[PDB]
Structure formats: structure tokens, C-alpha cells
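Participant: Residue 869 is where the sequence shown starts when you use UniProt numbering, and the numbers rise one by one after that.
If you scroll down you'll find the structure; I have some questions about it.
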Amino acid sequence: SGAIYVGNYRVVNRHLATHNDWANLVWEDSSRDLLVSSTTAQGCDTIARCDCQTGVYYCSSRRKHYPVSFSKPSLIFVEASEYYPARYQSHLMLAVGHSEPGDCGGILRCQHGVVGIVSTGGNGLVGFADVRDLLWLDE
Ligand SMILES: COc1ccncc1CC(=O)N1CCC[C@H](C(N)=O)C1
Ligand SMILES: [Zn+2]
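Structure, rendered in C-alpha cells:
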């Protein structure tokens, strides 16, 4: 689990979203595994507006933060699961690192702020859903 709280928004993995999240839907995108919902409290997370390719992420399956190098956001093929069939997920960034399904939601951070959240993984790889392009999270 895990979410980003910025301003009047909550950013979660679309596969892990709750009933409240859908009842207060702002935006959702299946191809990105992203869901944004409205909140009754003001969020304090800073979203990075950058080109960074290095950061640190939280891996709850290890109770540790890991520094990683990661790829530019792109379309990557993701194996079929119980939430989605076999498809290309967009805005996805891969890194070499420990990952487990319950690890989705873990924040990826750089010097500039929050980059995105854990969304895919397996075989010594971890994939992060990018949120740096969503300029409206600040306006
Ligand atoms: C962090 O997740 C994992 C890590 C290691 N083995 C497996 C996983 C699980 C994973 O990749 N998923 C399953 C749930 C939906 C995901 C998606 N975006 O389509 C894909
Ligand atoms: Zn940055």
C-alpha cells in the first residue's frame, strides 16, 4: 500500500483504490495504473518537476529505503494479473531492485521531491508509475 498526498488530492495505484477513492474520483488512468481522488485535509507532499534518473524508494517488504537508477518514463509490457490483462503500461520507469506485490504504493523520491509510486516488479526489477508530468496536482 501507499499514497501521495498533495494539496487537495490523494494519488494511489488504480488497482489498490478504495470505494471512497471512486466516490471522490478526480482522474483515473488504467494504462498508467493511476487514480487520483479528492481529500478533506491539505496534503504536504512536494511533487518533483524534473528530468532526474536517480532517486530512493521505499520497499515495505524489506522495511528499507533503496537508492536506484531508473529509466525515462515509457510504455513497457506488463504480464497479466488479477487487476488487468496483459498490456503495455505507459509512463512506467524501471530500476534494478527488490520488489513484491504488497510493495505497490511505495514512494520514489529524488532531491526535487516525489517522482512516482511502486506499480510493477519481478525478476530483480521494480517499476514506478511516474507523476512528474501531472502539473495540475499543483494548480
Ligand atoms: C510491485 O509489484 C510486484 C513486484 C513483484 N512481483 C510482482 C508484482 C506485482 C505486479 O507487478 N503487478 C500486479 C498488480 C498490478 C500491477 C500493474 N501495474 O499492472 C502489476
Ligand atoms: Zn528530481
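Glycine included, every Cβ here is placed at the ideal spot set by N, Cα and C.
Quick one, are the C-beta atoms of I975 and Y926 less than 7 Å apart?
Facilitator: In this structure, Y926 lies closer than 7 Å to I975 by Cβ.
Participant: Given 8 Å as the limit, is there contact between the region 905-920 and the region 970-988, that is, 3 or more CB pairs closer than that?
Facilitator: These segments touch.
Participant: Roughly how many angstroms separate the alpha carbons of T914 and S949, rounded to a whole number?
Facilitator: Roughly 31 Å between the two C-alpha positions.
Participant: Would you give the residue range spanned by the beta strand (DSSP E) that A891 belongs to?
Facilitator: Looking at the DSSP string, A891 is not in any beta strand (DSSP E); the run it does join, the alpha helix (DSSP H), is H887 to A891.
Participant: Select from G923, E1007, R1000 and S967 the residue whose C-alpha is nearest the C-alpha of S869.
Facilitator: It is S967.
Participant: Look at the alpha carbon of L1003 and the alpha carbon of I944, and state the distance between them as a whole number of angstroms.
Facilitator: Answer to the nearest angstrom: the Cα atoms are 23 Å apart.
Participant: My guess is that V924 and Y934 are in contact by the Cβ rule of under 8 Å, so how many angstroms apart are they, rounded?
Facilitator: That pair is a contact at about 7 Å.
Participant: So is the beta-carbon of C978 under 6 Å away from any non-hydrogen atom of ligand 2?
Facilitator: Yes.
Participant: Taking 6 Å as the cut-off, is the beta-carbon of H883 closer than that to any non-hydrogen atom of ligand 1?
Facilitator: It does: the Cβ of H883 is within 6 Å (strictly closer) of some heavy atom of ligand 1.
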